[PDB]
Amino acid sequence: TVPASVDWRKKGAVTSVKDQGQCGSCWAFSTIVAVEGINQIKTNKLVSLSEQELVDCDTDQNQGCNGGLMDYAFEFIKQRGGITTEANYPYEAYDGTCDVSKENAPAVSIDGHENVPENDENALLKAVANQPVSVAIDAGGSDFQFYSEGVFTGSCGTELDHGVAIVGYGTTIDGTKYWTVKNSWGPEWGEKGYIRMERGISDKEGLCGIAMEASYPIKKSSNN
């Protein structure tokens, strides 16, 4: 039994829309949206977290401004005992040297992470009903890039190249199912920084491949 609709922004689990600037750190922003979300859901306190810490310190595989993957970032946060706040380690859109002093001041911890069964929007829906979910999509096309309003229905391929996060779902009055996605291109893009993408389409992969690589953090205890 999943609700007809869920809007994590309205429920108070989503921070302001950020802009990653000229640094290929979408993976870090995608990861942080999910962690900021589960944290508020568990502790009832919305805390803005550090994408910069990931860029500078999560280097085993991820490459800071040269790209990375959300799954590796969740692993990093799990292993470091947490991620520090944005205030303590602010985003400067560049490849910085890991500031150990700030990295060792975690503010929010997670127990691990798990993946949503691939190409299954129903499984994805159940996951989103619980918390914001990190997802990868093909954002390399013009239709997606110049999206401004309404429910985006295409056109986009499925070659994954951008990490974002689903912060909700619903159905417009006209009957169009959608996913509410938080992008990292500033509040100036789309609907105040978000994009409503058609949900439950005829392709198992989802629109722009949104159902191909979805994952989320795990947090059982209510403290930090």
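Residues carry their position along the shown sequence, with the first being 1.
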{"item": "Mean C-alpha temperature factor, higher of 152 to 160 and 42 to 50", "value": "42 to 50"}
{"item": "Higher-scoring stretch by recorded Cα B factor average, 90 to 98 or 133 to 141", "value": "90 to 98"}
{"item": "Given 35, 28, 173, 195, the residue at which the Cα B factor reaches its maximum", "value": "173"}
{"item": "Third of the chain, ranked by Cα B-factor, where residue 120 sits", "value": "middle"}
{"item": "Lowest, middle or highest third - CA B-factor, residue 19", "value": "lowest"}
{"item": "Where the record places residue 59 (Cα B-factor, split into thirds across the chain)", "value": "middle"}
{"item": "Chain-wide C-alpha B factor ranking for residue 212, given as lowest, middle or highest third", "value": "middle"}
{"item": "CA B-factor ranking of residue 108, expressed as a third of its chain", "value": "middle"}
